[PDB]
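What follows is a pair of forms of the same protein chain, given separately as structure tokens and numbered structure 1 and structure 2.
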Structure 1
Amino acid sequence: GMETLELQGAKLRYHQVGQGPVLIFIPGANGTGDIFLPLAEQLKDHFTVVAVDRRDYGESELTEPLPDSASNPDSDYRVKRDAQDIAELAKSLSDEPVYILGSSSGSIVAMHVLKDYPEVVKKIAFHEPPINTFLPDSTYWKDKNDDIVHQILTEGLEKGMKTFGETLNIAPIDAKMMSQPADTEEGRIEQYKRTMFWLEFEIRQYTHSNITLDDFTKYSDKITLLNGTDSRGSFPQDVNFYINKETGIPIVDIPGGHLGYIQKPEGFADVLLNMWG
């Protein structure tokens, strides 16, 4: 039901209703044009109302991925790309400059449109802009946005793994190693994205996978289970126990913890050479 304007790296989807001069609404944190539709039906007799889903939201869809660096606080890409999106939208719909209204961060997009592509702006309206760069109290509001984001992303995650570990009864040796941050601010944020991906896309899907004891017994001569000598009492040690109890597959003990192949690689290797040839 939506219109489409295929751009570089995205199909931009937008509503279009009414008739008369083009007026483009840019959404804020909502990111989608549907929020403007009850306003649009009130305006359609006077303007060709265009309410855009910005490329990263809603019915829009990127066709190549975001640069990994878009994750970075002072990244430039998304906001310039969104502004250029609006410029191409206007140009595609109207030979003449159009009206534009942006709300909240969407009016920041509107500021970049009027900066980079003034030729498509006939009038522009900034509904309650939250930008702080030119404020005289700019560092205050920058630091605060920076701090609330750090707090929301990390603080919830750090407490959760801490209690999760004791629900699993994780050996101190692993828990020591697992929490030590990286030695690089880049190593630490790939480390956050890592654990965050793991929580959402791996642990539930993998630990409730369709594997039965039956499809272990088929190949019992090939399998060894392997328990850490530093991680006894932990949840994965019980899974191995249960498997061996019901199938007979043997449990070879091996130095280290859940991470023993990096904790005690030498002794880890010696056990593997023993079992295998």
Structure 2
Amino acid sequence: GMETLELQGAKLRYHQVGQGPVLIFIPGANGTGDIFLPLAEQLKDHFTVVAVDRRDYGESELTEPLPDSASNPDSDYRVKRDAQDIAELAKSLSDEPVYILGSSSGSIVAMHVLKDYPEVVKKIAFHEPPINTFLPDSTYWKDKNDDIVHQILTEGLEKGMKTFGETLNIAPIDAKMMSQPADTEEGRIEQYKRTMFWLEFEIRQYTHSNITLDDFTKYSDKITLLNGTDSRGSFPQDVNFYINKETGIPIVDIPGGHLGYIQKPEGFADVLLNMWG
């Protein structure tokens, strides 16, 4: 069982083991304090060992969404909020300044605790910090971090989606429109996030969901299949051809390609009005 400290925007969960002065361990990229529990066992007759799940990880829980801007690479919201969490935790557990150790990005949180809340620090240890900002070659290291994130979060998708368009023989006009970069960096961040979400949570689950031809035949009088005139040869049209061949449900051709409703709204509307008006 873990302890809870309720703070602005999160329930902060932590392990607490031992007796003595408070010693707070701040984890790095794993984000959870359980990685310190073997160490806590070694220290528990000397310190009250406090091993934190930082608020975005483990058994901690946000009570309010992150700011939209947190995905921006120069946001400082999260590191400042993590540092304030440690300061409030220290104050909640001790009337004296406490001992603090962070490792990896947890040591960067520790630096911000010292910077913004020196009053809670008795002694502090930075174990293998990967901060580059004050290095004489900061640019070199910053750009490497930026580029490897960009590779995983945006470039893998870009290359895979081009192949996927070929698999499905998507028309070039649709591929260009579906991949057209937004005109702001924030808009582009959001575009890539949305595609990464659709990849993980939508494409497989929806395209192999439990629909049978029998589901259509029960209500065939209500159904129209639509094929774009500018997306001939693409996989979705083959799906409609199969439905039609097996069920007789009609195919209506409609202007534009996969994105025809915004490519050719007037012609698209004219067909819908013919169908249903």
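Residues are numbered by position in structure 1's sequence, first residue being 1. Just so we're on the same page, rigid core means the largest C-alpha set that superposes within 1.5 Å between forms.
Taking 2 Å as the criterion, residue 74 does not count as shifted between structures 1 and 2: its C-alpha moves by less than this amount when the rigid core is aligned.
Annotation: Cα of residue 173 displaced by at least 2 Å between structures 1 and 2, core superposition. A rotation of 11° separates the smaller rigid part from the larger between structures 1 and 2 once C-alpha atoms are superposed. Aligning the rigid core leaves the CA of residue 244 displaced by 3.4 Å between structures 1 and 2. Taking the rigid core as reference, the CA displacement of residue 231 between structures 1 and 2 comes to 2.0 Å.
Look at residue 271: with the core superposed, its C-alpha moves 0.8 Å between structures 1 and 2.
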